[PDB]
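1. PDB entry and its sequence, pasted below:
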Amino acid sequence: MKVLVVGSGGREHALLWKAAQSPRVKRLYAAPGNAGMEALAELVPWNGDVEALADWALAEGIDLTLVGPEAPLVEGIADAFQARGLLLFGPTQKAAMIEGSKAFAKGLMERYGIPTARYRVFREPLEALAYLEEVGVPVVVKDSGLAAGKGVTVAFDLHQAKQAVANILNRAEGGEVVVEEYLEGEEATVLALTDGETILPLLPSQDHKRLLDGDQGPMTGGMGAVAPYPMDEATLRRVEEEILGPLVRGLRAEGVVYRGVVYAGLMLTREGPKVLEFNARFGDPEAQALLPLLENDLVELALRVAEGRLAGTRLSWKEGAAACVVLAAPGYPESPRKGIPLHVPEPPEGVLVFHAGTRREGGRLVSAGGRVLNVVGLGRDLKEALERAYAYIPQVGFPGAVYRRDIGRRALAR
């Protein structure tokens, strides 16, 4: 059987690696993959064109395509493949777009009582000022007309909070501003699987969004991940009965069949767990920490999801833990320095090494992109995982490598 993994980072290399373990798979293809994935699949120099890839896959005789990153989904890759009659693990454009909008997320915590961060939007000041007194402080003031994370302010003042909103609504004639309640509690990730009817959550994990040790510095796409993240069973049960279950129920209401990964980012509060954001794919490096612990045959699992037969399965995991540590390039995430020639020696038993941005400029291997390498500790104990992993990073030849050192700390602390 021929399988196609779409992406260019560790998550894809990870998926490409787990797919292999399947006895059904004959050949593997990475589009576009990277220098690291060349050892498991034939690299496909994709240009991002969705229908193009579809056609190629059709021509090539691909039997199942696993989509890693998000953009291809919102760009309709699933849509394009189905048209060609191909099996693509992943939601369709319309489904992915609805499932990930904040608008929808709201309609759920309005029609299903989904426990989520209490926020609201405004365009006129006097409005947004009577809302602050309501939520309290800290409070987050983000420049809505700036969809990207920039402009955000975590105010500790009603004093500074106002100065935050007023600033935006007096830049000349601009516009929108969002005021969202700041929740206390550790953040965690609950990835899940779904075919429209059934939703199976995987082992809860914990990402380290922050670039620097101390959950400090600029927000990044994930400096690391550990799994499973120590979470009370009543909480995980709360999460699937209050968050997961209704998501599905509300997703079918909008008239769409969502089949694929469901990323549920969330804060764990005393009030309970609260969704922060929904996504339509395995997060990175979330994937790199879970896939080695997953027992099921990834191909077999995928098929169920895409064909809508998830109800007849049961995720099984190993008896241990995994910790992924990102080894980003100096300059990440603002302006990553490229080319950095690096050397990565064979890892000892208990340490898997995934590539998230590596290229071959001839015979040698070089860095390419923000995050470059992935070291994943495998232990039957989180510490062991973390120890093997950090015990290895110093062997890697990535001079100037930016890598947090406290990945796993919050977890180890129960």
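-> Structure received. Numbers count the residues shown, from 1 in each chain.
2. going forward, measure contacts and count neighbours with C-alpha atoms only.
-> OK.
3. wait, doesn't residue 201 sit right on residue 192?
-> Yes: taking contacts as Cα atoms under 8 Å, residue 201 lies within contact range of residue 192: 3.8 Å.
4. and residue 410, what are its phi and psi?
-> In terms of degrees, to the nearest 10, the main-chain angles of residue 410 are phi -50, psi -40.
5. list the contacts for it?
-> By Cα atoms under 8 Å, 6 or more residues apart in numbering, residue 410 lies in contact with nothing.
6. how close does it get to residue 213?
-> Taking Cα to Cα, to the nearest Å as the measure, residue 410 falls 11 Å from residue 213.
7. what do you get for residue 78?
-> Separation of residue 78 from residue 213 (Cα to Cα): 38 Å.
8. these two - which one has more neighbours?
-> residue 78 (28 against 15; other Cα atoms under 10 Å).
9. how about the residue nearest to the spatial centre of the chain, what does it touch?
-> The centre of the chain sits closest to residue 283, judged by Cα atoms, centre = their mean, with a distance of 1.6 Å. Residue 283 makes contact with 11, 263, according to Cα under 8 Å, 6+ apart.
10. and it, which of the three is it?
-> coil (DSSP: H, G, I helix; E, B strand; the rest coil).
11. and residue 248, by the same measure?
-> helix.
12. can you tell me the closest non-neighbouring residue to it?
-> Leaving aside its sequence neighbours, residue 248 sits nearest to residue 196 (Cα to Cα, 6 or more residues apart in numbering; 6.4 Å).
13. that neighbour against residue 257, yeah?
-> Yes: look at residue 196 against residue 257 with Cα under 8 Å: they come within range, at 5.5 Å.
14. list the contacts of residue 380.
-> The contact partners of residue 380, by Cα under 8 Å, 6+ apart, come to 319, 320, 321.
15. got the domain boundaries for this protein?
-> With domains defined by curated CATH domains, the chain comprises 2-92, 118-183, 184-320, 321-413.
16. including distance to residue 100, could those go into a markdown table?
-> Below are these laid out as a markdown table (distance: least, Cα to Cα, whole Å):
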| stretch | distance to residue 100 |
| --- | --- |
| domain 2-92 | 9 |
| domain 118-183 | 14 |
| domain 184-320 | 5 |
| domain 321-413 | 23 |
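17. give me the neighbour count for residue 26.
-> By the criterion of other Cα under 10 Å, residue 26 has 10 neighbours.
18. which residues sit in contact with it?
-> 1, 2.
19. mind listing the helices in the stretch 151-300 of the chain by residue range?
-> With helices called from DSSP state H, counting those that start in this stretch, the stretch 151-300 of the chain shows them at 158-168, 233-238, 245-253, 286-290, 298-307.
20. let's have those in TSV, adding mean neighbour count and distance to residue 224.
-> What follows is those, written out as TSV (neighbours: other Cα atoms under 10 Å; distance: least, Cα to Cα, whole Å):
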stretch	mean neighbour count	distance to residue 224
helix 158-168	18	31
helix 233-238	13	22
helix 245-253	17	27
helix 286-290	27	8
helix 298-307	20	22
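21. quick one, which of those is nearest to residue 112?
-> Counting by Cα to Cα, residue 112 lies closest to helix 245-253 out of these; the figure is 6.5 Å.
22. what's in contact with that closest one?
-> Residues outside helix 245-253 that contact it (Cα under 8 Å, 6+ apart): 95, 98, 99, 108, 112, 114, 196, 197, 199, 257, 258.
23. which of the residues you listed are buried, as a PyMOL select command?
-> Paste this into PyMOL to select the buried members of these, with burial taken from 16 or more other Cα atoms under 10 Å:
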select buried, resi 95+98+99+108+112+114+196+197+199+257+258
